[PDB]
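Structure data (CSV, C-alpha atoms) from target.csv:
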chain,number,residue,atom,x,y,z
A,501,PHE,CA,-121.3,-19.1,-135.7
A,502,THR,CA,-125.0,-19.9,-135.8
A,503,UNK,CA,-126.0,-22.8,-135.7
A,504,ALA,CA,-122.7,-24.7,-135.7
A,505,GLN,CA,-121.4,-26.7,-132.8
B,7,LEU,CA,-142.9,-46.1,-138.3
B,8,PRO,CA,-139.7,-44.2,-139.5
B,9,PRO,CA,-137.2,-42.9,-136.9
B,10,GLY,CA,-138.9,-41.0,-134.1
B,11,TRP,CA,-142.7,-41.5,-134.8
B,12,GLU,CA,-145.5,-42.2,-132.4
B,13,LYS,CA,-149.3,-42.4,-132.8
B,14,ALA,CA,-151.3,-39.8,-131.0
B,15,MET,CA,-154.9,-38.5,-130.7
B,16,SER,CA,-156.1,-35.0,-131.4
B,17,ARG,CA,-157.4,-33.4,-128.2
B,18,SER,CA,-159.8,-31.2,-130.1
B,19,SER,CA,-161.1,-33.8,-132.6
B,20,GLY,CA,-160.3,-37.3,-131.4
B,21,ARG,CA,-158.8,-38.3,-134.7
B,22,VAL,CA,-155.4,-40.2,-134.8
B,23,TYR,CA,-152.3,-38.3,-135.9
B,24,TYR,CA,-148.6,-38.8,-136.0
B,25,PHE,CA,-145.9,-36.9,-134.1
B,26,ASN,CA,-142.1,-37.1,-134.4
B,27,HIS,CA,-140.2,-36.4,-131.2
B,28,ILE,CA,-136.9,-35.7,-133.0
B,29,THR,CA,-138.2,-33.1,-135.5
B,30,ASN,CA,-141.3,-32.0,-133.6
B,31,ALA,CA,-143.3,-32.5,-136.9
B,32,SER,CA,-146.9,-33.6,-136.7
B,33,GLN,CA,-149.1,-34.8,-139.5
B,34,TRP,CA,-152.5,-36.7,-140.1
B,35,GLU,CA,-151.2,-39.4,-142.5
B,36,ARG,CA,-149.2,-42.5,-141.4
B,37,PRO,CA,-145.6,-41.5,-142.1
B,38,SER,CA,-143.7,-42.7,-145.1
B,51,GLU,CA,-130.0,-42.5,-143.0
B,52,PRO,CA,-128.4,-40.2,-145.6
B,53,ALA,CA,-124.6,-39.2,-145.3
B,54,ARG,CA,-125.2,-35.5,-146.0
B,55,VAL,CA,-128.3,-33.4,-146.1
B,56,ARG,CA,-129.1,-29.9,-147.3
B,57,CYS,CA,-131.4,-27.7,-145.2
B,58,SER,CA,-132.8,-24.2,-144.9
B,59,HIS,CA,-134.0,-22.8,-141.7
B,60,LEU,CA,-135.8,-19.9,-140.1
B,61,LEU,CA,-134.4,-18.9,-136.7
B,62,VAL,CA,-136.3,-16.9,-134.0
B,63,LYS,CA,-133.8,-15.8,-131.3
B,64,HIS,CA,-134.8,-14.9,-127.8
B,65,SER,CA,-133.3,-13.2,-124.7
B,66,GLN,CA,-131.6,-16.5,-123.6
B,67,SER,CA,-130.1,-17.2,-127.0
B,68,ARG,CA,-126.3,-17.6,-126.8
B,69,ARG,CA,-126.0,-14.4,-128.9
B,70,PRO,CA,-129.2,-12.2,-128.4
B,71,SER,CA,-128.6,-10.0,-131.5
B,72,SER,CA,-129.2,-10.4,-135.2
B,73,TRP,CA,-129.3,-8.4,-138.5
B,74,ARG,CA,-132.9,-7.7,-137.6
B,75,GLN,CA,-132.5,-6.3,-134.2
B,76,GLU,CA,-129.4,-5.2,-132.3
B,77,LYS,CA,-130.7,-6.3,-128.8
B,78,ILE,CA,-133.1,-9.2,-128.9
B,79,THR,CA,-135.4,-8.9,-125.9
B,80,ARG,CA,-138.3,-11.2,-126.7
B,81,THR,CA,-138.9,-14.1,-124.3
B,82,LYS,CA,-138.5,-17.7,-125.3
B,83,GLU,CA,-142.3,-18.0,-124.9
B,84,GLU,CA,-142.8,-15.1,-127.4
B,85,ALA,CA,-140.2,-16.6,-129.8
B,86,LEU,CA,-142.2,-19.9,-129.7
B,87,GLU,CA,-145.5,-18.0,-130.5
B,88,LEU,CA,-143.8,-16.4,-133.5
B,89,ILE,CA,-142.4,-19.7,-134.7
B,90,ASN,CA,-145.9,-21.3,-134.3
B,91,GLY,CA,-147.5,-18.5,-136.4
B,92,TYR,CA,-144.9,-18.9,-139.2
B,93,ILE,CA,-145.6,-22.7,-139.2
B,94,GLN,CA,-149.3,-22.0,-139.6
B,95,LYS,CA,-148.8,-19.7,-142.5
B,96,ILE,CA,-146.4,-22.1,-144.2
B,97,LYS,CA,-148.7,-25.1,-143.8
B,98,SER,CA,-151.8,-23.1,-145.0
B,99,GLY,CA,-150.0,-21.9,-148.1
B,100,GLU,CA,-150.6,-18.2,-147.1
B,101,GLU,CA,-146.8,-17.8,-147.1
B,102,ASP,CA,-143.8,-19.6,-148.4
B,103,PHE,CA,-141.1,-20.8,-146.1
B,104,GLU,CA,-138.5,-19.0,-148.2
B,105,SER,CA,-140.3,-15.7,-148.0
B,106,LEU,CA,-140.7,-15.9,-144.2
B,107,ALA,CA,-137.0,-17.0,-143.8
B,108,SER,CA,-135.9,-14.0,-145.9
B,109,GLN,CA,-138.0,-11.6,-143.9
B,110,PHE,CA,-137.9,-12.9,-140.4
B,111,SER,CA,-135.0,-15.3,-139.7
B,112,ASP,CA,-132.6,-14.0,-137.0
B,113,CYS,CA,-129.6,-15.4,-139.0
B,114,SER,CA,-127.6,-14.0,-141.8
B,115,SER,CA,-128.7,-17.1,-143.9
B,116,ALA,CA,-132.0,-15.2,-144.2
B,117,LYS,CA,-130.3,-13.5,-147.2
B,118,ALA,CA,-130.2,-16.9,-148.9
B,119,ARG,CA,-133.9,-17.7,-148.2
B,120,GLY,CA,-132.6,-19.6,-145.1
B,121,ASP,CA,-130.4,-22.0,-147.1
B,122,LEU,CA,-127.4,-23.4,-145.1
B,123,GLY,CA,-126.1,-25.6,-147.9
B,124,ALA,CA,-125.1,-29.3,-147.3
B,125,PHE,CA,-123.6,-30.7,-144.1
B,126,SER,CA,-122.9,-34.0,-142.4
B,127,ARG,CA,-123.3,-35.2,-138.9
B,128,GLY,CA,-120.6,-33.7,-136.6
B,129,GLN,CA,-121.1,-30.0,-137.6
B,130,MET,CA,-124.4,-28.5,-136.4
B,131,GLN,CA,-125.8,-28.0,-132.9
B,132,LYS,CA,-127.1,-31.4,-131.9
B,133,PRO,CA,-130.9,-30.9,-131.8
B,134,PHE,CA,-130.6,-29.2,-135.2
B,135,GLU,CA,-128.5,-32.0,-136.6
B,136,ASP,CA,-130.8,-34.7,-135.3
B,137,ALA,CA,-133.9,-33.0,-136.7
B,138,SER,CA,-132.3,-32.4,-140.1
B,139,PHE,CA,-131.3,-36.0,-140.5
B,140,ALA,CA,-134.7,-37.4,-139.4
B,141,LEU,CA,-136.6,-35.3,-141.9
B,142,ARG,CA,-137.4,-36.8,-145.3
B,143,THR,CA,-136.5,-34.8,-148.4
B,144,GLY,CA,-138.9,-31.9,-148.7
B,145,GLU,CA,-140.2,-32.3,-145.1
B,146,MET,CA,-140.4,-29.5,-142.6
B,147,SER,CA,-139.8,-29.7,-138.8
B,148,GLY,CA,-141.8,-28.3,-136.0
B,149,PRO,CA,-140.1,-26.0,-133.5
B,150,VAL,CA,-136.6,-27.2,-132.8
B,151,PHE,CA,-134.8,-25.7,-129.8
B,152,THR,CA,-131.0,-25.1,-129.7
B,153,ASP,CA,-128.7,-22.7,-127.8
B,154,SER,CA,-129.2,-20.3,-130.8
B,155,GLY,CA,-133.0,-20.0,-130.4
B,156,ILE,CA,-135.9,-21.8,-132.0
B,157,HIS,CA,-135.8,-23.1,-135.6
B,158,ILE,CA,-138.1,-24.2,-138.3
B,159,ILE,CA,-136.0,-26.6,-140.5
B,160,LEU,CA,-136.7,-27.5,-144.1
B,161,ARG,CA,-134.8,-30.4,-145.6
B,162,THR,CA,-134.2,-29.6,-149.3
B,163,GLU,CA,-131.8,-32.5,-150.2

What does this structure look like when you write it as structure tokens?
Amino acid sequence: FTXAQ
Amino acid sequence: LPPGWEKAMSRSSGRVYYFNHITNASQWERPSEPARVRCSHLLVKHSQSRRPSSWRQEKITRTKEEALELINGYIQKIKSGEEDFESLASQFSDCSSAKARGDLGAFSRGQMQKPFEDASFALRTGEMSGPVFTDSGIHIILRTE
């Protein structure tokens, strides 16, 4: 999910 | 100069300023790594965002160029004191973290999209980034801890 890699 | 800084010259005034190519921050004064940091952010998504949808708008259609104009406007209002970062994040961030005034909590290296990570770790406590680009969209990042 945003902004995870 | 601290990680990522260069001297530049204002094109409109000729006065020296400082720019950070990791955070995209720019400032007039000569600038003054942690294991974890805490950040808030304001995200403006665009039509090329990995997931062009948010709580604000089911189909995000704005261009990247339009997203950048919006980000730049928010930065202006935050820097002038006309608006608070937290207020603009709550109202306008294309991320569910808007509901927490943009707060993402604490994190280490190895978790976030890379340009976001690098900016976050290059900010000083209390400092704000310029526009930071990731696959999610364009961010304004505030390091809170």

Tell me, as a list in words, which residues lie within 7 Å of stretch 119-125 of chain B, counting all atoms listed in the file; anything in the same chain fewer than 6 positions away does not count. residues 54, 55, 56, 57, 58, 59, 60, 104, 105, 107 and 108 of chain B

Selection file, C-alpha atoms, as a compact mmCIF listing (two decimals), in the frame of the given file:
# COMPACT_ATOMS: atom_id res chain seq x y z
CA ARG B 54 -125.20 -35.50 -146.00
CA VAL B 55 -128.30 -33.40 -146.10
CA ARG B 56 -129.10 -29.90 -147.30
CA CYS B 57 -131.40 -27.70 -145.20
CA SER B 58 -132.80 -24.20 -144.90
CA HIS B 59 -134.00 -22.80 -141.70
CA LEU B 60 -135.80 -19.90 -140.10
CA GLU B 104 -138.50 -19.00 -148.20
CA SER B 105 -140.30 -15.70 -148.00
CA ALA B 107 -137.00 -17.00 -143.80
CA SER B 108 -135.90 -14.00 -145.90

With 6 Å as the limit and counting all atoms listed in the file, what residues in chain A lie close to chain B? Please list them as an NGL selection string. :A and (503-505)

Those same residues - C-alpha atoms - I'd like them written as a CSV table (one decimal), in the coordinates of the input.
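Everything below was put into result_18.csv:
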chain,number,residue,atom,x,y,z
A,503,UNK,CA,-126.0,-22.8,-135.7
A,504,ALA,CA,-122.7,-24.7,-135.7
A,505,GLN,CA,-121.4,-26.7,-132.8

For the atom pair atom CA of residue B:139 and atom CA of residue B:94, what is the interatomic distance in Å to one decimal place? 22.8 Å

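Coordinates place atom CA of residue B:161 at a distance of 6.4 Å from atom CA of residue B:138.
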
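Comparing the minimum interatomic distances between residue A:501 and each of B:72, B:90, B:162, B:109, counting all atoms listed in the file, we find that B:72 sits nearest.
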
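With atom CA of residue B:148 on one side and atom CA of residue B:30 on the other, the separation reads 4.4 Å.
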
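When all atoms listed in the file are used to compute distances to residue B:144, the closest of the residues B:70, B:51, B:160, B:117 turns out to be B:160.
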